Amino acid sequence: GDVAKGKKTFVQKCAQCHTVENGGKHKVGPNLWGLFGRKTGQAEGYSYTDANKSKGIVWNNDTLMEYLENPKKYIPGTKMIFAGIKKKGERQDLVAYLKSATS
Ligand code: COH
């Protein structure tokens, strides 16, 4: 995807609740450094719902694309209150940015 477009999407729709840099702070939601290839609910020092800790899947392109379309459908009980990025292209560019900015 397009990293520069995904970045703007992240700043507009995600930054209020998340940081991406290494050592970044937890805001409403968890810092996302190291997200890819890791199981759900594993950011150090963040208090996740039991649902986000137990989903049990590994975050990658496939699972993040599904999740970001409708967070609560994928993780029922989640405290991330956000409707989702409905357009596939916008979601793909956002995943491209996340992959680039979290490692
Ligand atoms: C109003 C707050 C808010 C918004 C707008 C938002 C917008 C977005 C966003 C924008 C499209 C992106 C890319 C993300 C991405 C994520 N968020 Co949020 N998140 C938010 C609050 C949270 C919270 C809170 C959690 C933890 C949920 C839980 O523990 O159930 C979270 C969890 C997540 C996770 C799972 C982390 C993990 O399993 O370690 C990802 C990925 N996210 N979030």
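In short, a report on the structure.

## Description of the site of the ligand
Inference 1: Taken together, 25 residues surround the ligand, and among them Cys14, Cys17, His18, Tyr48 and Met80 come closest.
Inference 2: A distance of 2.8 Å separates a nitrogen atom of the ligand from a polar side-chain atom of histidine 18.
Inference 3: At a separation of 2.6 Å, an oxygen atom of the ligand approaches a polar side-chain atom of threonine 49.
Inference 4: Every element with two or more residues in the shell around the ligand is listed here: helix 3 (61-69) and helix 5 (88-101).
Inference 5: Counting residues per element, the shell around the ligand draws most heavily on helix 3, at three residues.
Inference 6: Looking at the shell around the ligand residue by residue, the class counts come to 16 nonpolar, seven polar and two charged.

## Thoughts on the nonpolar core
Inference 1: Formed by 18 residues in total, the largest nonpolar core has its most connected members in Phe10, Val20, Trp59, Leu94 and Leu98.
Inference 2: Secondary-structure elements contributing two or more residues to this core are helix 3 and helix 5.
Inference 3: Ranked by residue count, the leading element in this core is helix 5, at five residues.
Inference 4: Apart from residues no more than four positions distant in its own chain, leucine 94 is found in contact with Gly6, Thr9, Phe10, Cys14, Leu68 and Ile85.

## Things to note about the pattern of salt bridges
Inference 1: Per the counting criterion, the structure on display carries one salt bridge.
Inference 2: A salt bridge links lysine 13 to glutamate 90; the nearest nitrogen and oxygen atoms lie 2.8 Å apart. With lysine 13 in helix 1 (residues 3-13) and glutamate 90 in helix 5, this pair connects stretches of sequence that are 77 residues apart.
Inference 3: Residue class for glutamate 90 comes out partly exposed when judged on its relative accessible area of 23%.

What counts and what doesn't
Residues numbered from 1 in each chain as written, not as in the entry; some residues may be left out. Heavy atoms only, no water. Near = heavy atom within 4 Å. Polar contact = N/O pair within 3.5 Å; in protein donor to acceptor, adjacent residues only side chain to side chain. Helix = DSSP H or I, 4+ residues; strand = E, 2+ residues; numbered from the N terminus. Nonpolar A, V, L, I, M, F, W, Y, C, P; charged D, E, K, R; others polar. Core = buried A, V, L, I, M, F, W, Y, C linked by side-chain atoms within 4.5 Å. Buried < 20%, exposed > 50% of the residue type's maximum accessible area, 1.4 Å probe, protein only. Contact = heavy atoms within 4.5 Å. Salt bridge = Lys/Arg side-chain N within 4 Å of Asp/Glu carboxyl O.

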